[PDB]
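The chain below stands alone and is given as structure tokens, in the form deposited in one PDB entry.
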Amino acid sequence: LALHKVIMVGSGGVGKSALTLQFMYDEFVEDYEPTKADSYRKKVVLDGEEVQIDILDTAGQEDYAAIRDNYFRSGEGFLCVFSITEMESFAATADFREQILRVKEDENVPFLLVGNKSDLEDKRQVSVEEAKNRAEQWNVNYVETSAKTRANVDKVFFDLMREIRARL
């Protein structure tokens, strides 16, 4: 079976684990150890083809640059998550983008910009417009998600796998 290697990236508290665990276990997990990294594997049927998704839920603990680059080099697609309620996490997505591009050397690396916590509209700090503009500058798709309501959770994982399938 095709194995689609997905890596979750983004700064702390944006929803990397909550998104992963909603996708994996259909549960909104609000207390997942912030420093714990883990891998998840699931068989899924992608546009009628049984595939395996492998998700690396990164937690930012790896500080040795060669090892961080090794992890990114093994990834095939990236969900680059920020929280719409924390402007600084949106700014931080630029760094993850650059790190990925240095390692993958391919501006067309499968990559979604993911604005999570769409259920907290009253706390929004990042406008839809500015996130869409960034995605347009990078030529990536922008999707807003909620790990709490499940809004667009399957979409980001499936659409990323579709990009992996098409591009690699």
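One rule holds for the numbers: they count along the sequence shown, beginning at 1. So that the term is clear: the rigid core is the largest set of C-alpha atoms that superpose within 1.5 Å between two forms.
If you look for the form deposited in another entry, you will not find it shown, but the lines that follow are about it.
Among the candidates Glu50, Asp63, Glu121, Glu27, the CA atom that moves 2 angstroms or more between the shown form and the other one after core superposition belongs to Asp63 alone. The pair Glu62 and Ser39 is at least 3 angstroms farther apart at the CA level in that other deposited form than in the present model. Whereas the displayed form keeps them at a certain spacing, the CA atoms of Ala91 and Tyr64 lie at least 3 angstroms closer in that other deposited form.
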